[PDB]
Every structure is written in C-alpha cells, then in structure tokens.
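Below you'll find the structure, written out as structure tokens, and then a few comments.
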Amino acid sequence: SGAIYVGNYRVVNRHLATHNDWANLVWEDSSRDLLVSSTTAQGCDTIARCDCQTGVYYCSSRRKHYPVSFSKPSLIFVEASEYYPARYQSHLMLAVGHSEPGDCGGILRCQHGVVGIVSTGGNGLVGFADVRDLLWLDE
Ligand SMILES: COc1ccc(Cl)cc1CC(=O)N1CCC[C@H](C(N)=O)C1
Ligand SMILES: [Zn+2]
Numbered sequence: 007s008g009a010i011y012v013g014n015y016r017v018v019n020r021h022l023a024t025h026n027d028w029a030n031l032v033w034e035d036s037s038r039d040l041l042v043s044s045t046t047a048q049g050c051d052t053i054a055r056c057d058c059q060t061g062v063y064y065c066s067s068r069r070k071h072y073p074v075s076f077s078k079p080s081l082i083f084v085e086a087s088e089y090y091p092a093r094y095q096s097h098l099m100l101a102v103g104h105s106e107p108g109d110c111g112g113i114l115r116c117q118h119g120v121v122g123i124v125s126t127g128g129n130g131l132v133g134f135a136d137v138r139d140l141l142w143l144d145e
C-alpha cells in the first residue's frame, strides 16, 4: 500500500484502487498501472522534473529505505496474474533490490523530489512506475 498526495489529487496503483477512487475519477491507464482521483484537502508533495538514474526507495517488507540505480522509462513484459493477463507495461523503470507483492505503493525519490511508486518485482529485481511526465499534476 501507498499513495502520492499533490494539491487536489491522489495517485495510487490502479490494481489497488478503492470505491471512492472510482467515484471521483480524473484519469486512469491499464498499460501503466495508474489511477488519479480528487481530494478536498491540499497536499504538499513535490514532484520532480528531471533525467536522474539514482535514488532511494521504501521497502515495507523490511522496514528499510534502500539506495538504487535505475533504468529509463520503457516497455517491459509482465507475466499473467489475478489483476491483469500477460502483457507489456509502458513507462517502467528497473533496479537490483529486494521486493515483495505487499510493497506496491512504496515511493522512489531523488534530490529533486518524487520520481514514482513500486509496481512490479521478482527474481532479485524491482520495478517503478514513472510520474515525471505528467505536467498537469502541478497546474
Ligand atoms: C512488487 O510486486 C511483486 C514483488 C515480488 C513478487 Cl515475487 C511479485 C510481485 C507482484 C507483481 O509483480 N505483480 C502482481 C500485482 C500486479 C503487478 C503489475 N503491475 O502488473 C505485478
Ligand atoms: Zn532528479
């Protein structure tokens, strides 16, 4: 579990969304695993606008923060599950590090702010869904 709160928006994993997230829907995308909904209060998370390839992420299964090197956003094959069948997920970044299914929602950060959230993992690797291209979140 985990979400990003910026201004009047809430950013969550599409497969972990609630009934209140769908009733106050702004934008959704299956191939990215993302969902955005509206909120009454004003959030204070700073979203980064950069080309960084190193940062720090939170891992709830270990209760630790870990520094990692990661790849550029691209299409990567994701195996079948109970939420989505076998497909290619777009805007995905990979890193070497520990990960478990309950860790989806953990925030990735750099010196400029928020980069993305935990989405995929396994075999000793970890995947992050990028949010730096969505300029409408700041306006
Ligand atoms: C961080 O999640 C994991 C970590 C380790 C392992 Cl063995 C497995 C997982 C779970 C995982 O990758 N998915 C199941 C939920 C939907 C995800 C998606 N974005 O399509 C894919
Ligand atoms: Zn940066």
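With PDB author numbering applied, the sequence shown covers 7 to 145.
Ideal placement from N, C-alpha and C gives every residue a C-beta, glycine not left out.
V18 and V12 have their alpha carbons spaced roughly 12 Å apart. Burial is judged here by how many other beta carbons sit within 10 angstroms of a residue's own beta carbon; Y89 has fewer than 16 and is exposed. With fewer than 16 other Cβ atoms inside 10 Å of its own Cβ, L131 counts as exposed. In this structure, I53 lies away from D139, with their beta-carbon atoms at least 8 Å apart. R16 and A135 have their C-alpha atoms roughly 15 Å apart. Closest option to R38, judged by alpha-carbon separation, among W142, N129, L141, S125: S125. Here the alpha carbons of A101 and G133 stand approximately 7 Å from one another.
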